[PDB]
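Residue strings, one per chain:
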Amino acid sequence: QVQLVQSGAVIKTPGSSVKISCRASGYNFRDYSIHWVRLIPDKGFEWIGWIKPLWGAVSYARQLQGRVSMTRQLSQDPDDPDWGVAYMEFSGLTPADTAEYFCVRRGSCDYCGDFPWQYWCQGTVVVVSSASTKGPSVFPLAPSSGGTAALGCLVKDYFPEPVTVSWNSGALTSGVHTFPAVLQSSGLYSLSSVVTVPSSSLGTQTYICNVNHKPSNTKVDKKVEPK
Amino acid sequence: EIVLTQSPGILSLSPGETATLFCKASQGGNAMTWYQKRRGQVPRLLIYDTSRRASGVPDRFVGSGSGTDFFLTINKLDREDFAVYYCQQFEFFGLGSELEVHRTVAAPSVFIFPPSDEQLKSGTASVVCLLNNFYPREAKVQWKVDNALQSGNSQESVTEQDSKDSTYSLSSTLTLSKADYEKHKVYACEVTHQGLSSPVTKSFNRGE
């Protein structure tokens, strides 16, 4: 089975270059081109280029020329000589280059052309920002009173993504909505986690949101009670 | 270059029904490719050469078309088929069509949350309005402070469509400096939604 495995997500400062690797295995690496494509938030897919592993011949999207370089390395293992790695280096990054980058390969059937990509790497997220790593502040969204009430935690001003949020250490899951984070104009992210519960319980049950931001090594337990 | 225009932007249907999605190319005569991208998952090839199914793609996916007009038909929709679908020709791509789950209209439950004293102590005020468990996703949230409409100072976020009850939730967050917050009394979010016979308002008076 064909397998394309990329290097992990990274945070890059504007002006940086990023080098992404794509380890390809389960077929003869020299026999198929690898393409790179990026999925950009609110803009969709953009083809970056292809490389043909035999000679390492390449073709770059006209609009990216000067900023992209593709190379490859062929296995040097005598009993496992047919896999290889494709590399794509993307330079002069700006926030507009914040995207998920994929390496892809065509299908191997008779009517498979070059562009229908049957095989995809798991993607590599690249975030381009000048923001400094920072753990979140956590504030309460307090329930204001049979009926049902809502409460939550406001997780503010952290970088980079992600933060994880549980309630009562995972014991509370029914009715939890943890929203997609938003990027604020400060360059820092923010999100809320909310949960609906019986008004009846507000005096009997304790509600604690557990916030974890690994990039800053920040863990917070925030107890939320009626205002 | 080739420009691919997909429609509709959003298609709302129920499990068991058949979806038809369209892709119009700016140039005729080329074959069409389709991909499926389920939320948060790697894109998956569905159709190539206009009508050929890719590896492991079930026969309820049917690609067709000719000239500039191309179609993806999904028969007897399965829960997993609700995803975004993209068309491609060579290095060119459509912007995608979202297939979403149709269900009965549901009005949102609306809640408003004043900023905490702790956050205020730090110079900023976040006011949050929650619209919980509604359908369809389209809703208008308006912030009013002492009856003045607020614009440019709030951000919205919307959940993914719930996998089990097909509803959405939405939060709107108004951000003000502490000084600005403390100059006004009435903070209100007005919600307009198909499920509501008239707009619903939740509010509070600062410090009350």
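Trainee: Just to check I follow, could you spell out the side chain of A:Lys12 for this structure?
Mentor: All names here are of chain A. Tracing the backbone through its elements, the reader meets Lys-12 in strand β2 (residues 10-12). Buried and unpaired, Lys-12 has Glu-89 as its nearest opposite-charge partner, separated by 8.2 Å. The residues touching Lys-12, leaving out its near neighbours within four places in the chain, are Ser-17, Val-18, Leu-93, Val-126, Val-127, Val-128 and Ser-129.

Trainee: I keep staring at the sheet that holds strand β19 (residues 200-205) of chain B and nothing clicks. Help me out?
Mentor: Residues and elements named next belong to chain B. Strand order in the open sheet formed by 4 strands is β15-β14-β18-β19, and the pairing between neighbours is antiparallel. Strand pairing shows two members of the sheet lacking a second neighbour, β15 (148-150) and β19, which therefore form its edges. Strand-to-strand twist of the sheet, defined as the mean angle between neighbouring strand axes without regard to direction, takes the value 25°. Of the strand pairs in this sheet, strand β14 (residues 140-145) and β15 are connected by 3 bridges, and their pairing is antiparallel. Looking across to β15, one finds that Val-145 is bridged to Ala-148.

Trainee: How should I be thinking about the sheet that holds strand β19 (residues 218-223) of chain A in this particular structure?
Mentor: The strands making up a sheet associate through hydrogen bonds between their backbones, and the pairing can be parallel or antiparallel. All names here are of chain A. The 3 strands are arranged β14-β18-β19 in an open sheet whose pairing can be described as antiparallel. Pairing within the sheet leaves two strands with one partner each, and these edge strands are β14 (164-167) and β19. Shown here is a sheet whose adjacent strand axes are inclined to one another by a mean of 15°, direction ignored. The pairing of strand β18 (residues 208-213) with β19 spans 6 bridges and is antiparallel. Looking at β19, one finds that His-213 is bridged to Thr-218.

Trainee: Please explain the environment of A:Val197 as it appears in this structure.
Mentor: All names here are of chain A. Mapped onto the elements of the fold, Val-197 is located in strand β17 (residues 189-198). Spatially, the C-alpha atoms of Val-197 and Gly-175 are 7.7 Å apart, while their sequence positions differ by 22 residues. When neighbours within four sequence positions are excluded, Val-197 is seen to be in contact with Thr-148, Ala-149, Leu-151, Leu-202 and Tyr-207.

Trainee: Please clarify how the interface of chain A and chain B should be interpreted in this entry.
Mentor: A common measure of how large an interface is: the accessible area buried when the components associate. Listed by partner, the interface residues are 38 residues for chain A and 37 residues for chain B. When contributions to the side of chain A that touches chain B are tallied by element, the ones reaching two or more residues are β4 (34-40), β5 (44-52), β10 (117-120), β12 (137-141), β13 (148-158), β16 (182-183) and β17 of chain A. Of the residues forming the side of chain A that touches chain B, the biggest block, 6 residues, is contributed by β13(A). Classifying every residue of the side of chain A that touches chain B by side-chain character gives 28 nonpolar, 6 polar and 4 charged.

Trainee: Any chance you could explain the pairing of strand β5 (residues 44-48) of chain B here in plain terms?
Mentor: Side chains on a regular strand alternate between the two faces of the sheet. All names here are of chain B. Most of β5 is tucked away: 4 of the 5 residues are buried. Pairing of strand β4 (residues 33-37) with β5 involves 3 bridges; the strand directions are antiparallel. Looking across to β5, one finds that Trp-34 is bridged to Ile-47. Here β4 folds back onto β5, and the loop between the two strands holds 6 residues, one of which, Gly-40, carries a positive phi near 70°. Summarising the sheet, β5 and strand β6 (residues 52-53) pair through 2 bridges and their orientation is antiparallel. Bridge assignment links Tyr-48 to a residue of β6, and that residue is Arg-52. Joining the antiparallel neighbours β5 and β6 is a turn of 3 residues, in which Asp-49 adopts a positive phi near 50°.

Trainee: Explain the domain arrangement of chain B here, please?
Mentor: Residues and elements named next belong to chain B. Along its sequence, chain B is organised into domain 1 (1-103) and domain 2 (104-206). Its C-alpha centre places domain 1 at a distance of 35 Å from the equivalent point of domain 2. Each partner contributes residues to the interface: domain 1 has 9 residues there, and domain 2 has 14 residues. Between domain 1 and domain 2, roughly 940 Å² of surface is buried when both sides are summed, and carbon and sulfur atoms account for 35% of that area. When the buried area of domain 1 at its contact with domain 2 is split by residue, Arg-39, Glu-100 and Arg-103 rank highest and sum to 67% of it. In this assembly, domain 1 and domain 2 are joined by 2 salt bridges. Between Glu-100 and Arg-137 there is a salt bridge; the shortest N-O distance is 3.7 Å. Linking domain 1 to domain 2 there are 8 residue pairs in polar contact.

Trainee: What am I meant to see in the environment of A:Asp80 here?
Mentor: Its place among the elements puts A:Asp80 in the loop between β7 (68-74) and β8 (84-90). Once the C-alpha coordinates of A:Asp80 and A:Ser25 are considered, the two residues, 55 residues apart in sequence, prove to be 9.8 Å apart.

Rules of the game
Residues numbered from 1 in each chain as written, not as in the entry; some residues may be left out. Chains lettered and ligands numbered in written order. Part of a larger assembly, values for the part shown. Heavy atoms only, no water. Residues with missing side-chain atoms left out of burial classes, pairs and counts. Helix = DSSP H or I, 4+ residues; strand = E, 2+ residues; numbered from the N terminus. Buried < 20%, exposed > 50% of the residue type's maximum accessible area, 1.4 Å probe, protein only. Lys, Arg positive; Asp, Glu negative; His and termini not counted. Salt bridge = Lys/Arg side-chain N within 4 Å of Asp/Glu carboxyl O. Contact = heavy atoms within 4.5 Å. Pairing = 2+ DSSP bridges. Axes fitted to C-alpha atoms, helices over the stretch in contact; angles between N-to-C directions. Nonpolar A, V, L, I, M, F, W, Y, C, P; charged D, E, K, R; others polar. Domains from an automatic or database assignment. Buried area = accessible area lost by both parts, 1.4 Å probe. Polar contact = N/O pair within 3.5 Å; in protein donor to acceptor, adjacent residues only side chain to side chain.

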